[PDB]
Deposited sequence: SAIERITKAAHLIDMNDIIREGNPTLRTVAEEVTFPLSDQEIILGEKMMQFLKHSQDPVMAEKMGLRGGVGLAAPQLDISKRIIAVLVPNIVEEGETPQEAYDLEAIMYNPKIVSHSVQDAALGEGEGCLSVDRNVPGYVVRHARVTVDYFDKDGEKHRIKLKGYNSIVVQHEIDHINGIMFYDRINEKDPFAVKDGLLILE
């Protein structure tokens, strides 16, 4: 399985482990993890965070052939589990490996990155504002099964929502306004 080979001590996630649109796993709803986690589930979270760190290192990214990433979801590795990693630099505005993340509150206000979004699973540009909640309250469990409840805004909020979308089989272009991709709707904050 993908999880068995990715969690080998010697394995370094690279772009060859990341599946692309057309793979049905990106459109399936990922399964919750149970606690306690297996060793493989903990190692996977660590491997995903290591990939983000490699992806943000100019030297390692070029040597490994990586697209830069600030987040990653296990379904992008063909692993249909509710596991995400987020690494948003300021050192880091947000560094977390989240098990069973869930939005439990959201603002009426929407937000979208002014520069649109990309996706490591999408090998093409799709222009437009990806409309998301401006602010979210997120529950998740860490590797030890301890529960965390955090409040996010700005870029941090966008990144986590993008990853949660992946574990629900949703892609970023699902949220662009097709009729006018750069419409600034009432109540939409452009970051």
Check your understanding: Wait, which stretches of the deposited chain are just not there in the structure?
Key -> 91-100, 202
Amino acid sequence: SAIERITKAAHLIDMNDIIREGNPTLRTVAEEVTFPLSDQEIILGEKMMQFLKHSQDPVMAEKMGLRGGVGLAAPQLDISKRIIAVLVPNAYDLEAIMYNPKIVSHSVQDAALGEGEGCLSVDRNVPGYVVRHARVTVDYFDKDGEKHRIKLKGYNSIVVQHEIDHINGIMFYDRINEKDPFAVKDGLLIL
From here on, numbers count along this sequence of modelled residues.
Review point. Between 152-160 and 54-62, which has the higher average C-alpha B-factor in the PDB entry?
Key: 54-62
Exercise for review: Give the stretch, out of 42-50 and 25-33, with the larger mean C-alpha temperature factor in the deposited entry.
Suggested key: 25-33
Check your understanding: Going by the entry, which of 75, 101, 71, 114 has the most elevated CA B factor?
Key -> 114
Exercise for review: Could you tell me which one of 108, 79, 94, 97 shows the highest CA temperature factor in the PDB record?
Suggested key: 94
Point to revise | Position of residue 136 among the chain's modelled residues by C-alpha B-factor, lowest, middle or highest third | key: lowest
Check your understanding: What third of the chain, by the recorded C-alpha B-factor, contains residue 176?
Key -> highest
Exercise for review: Could you look up the Cα B-factor of residue 183 in the entry and say which third of the chain it sits in: lowest, middle or highest?
Suggested key: highest
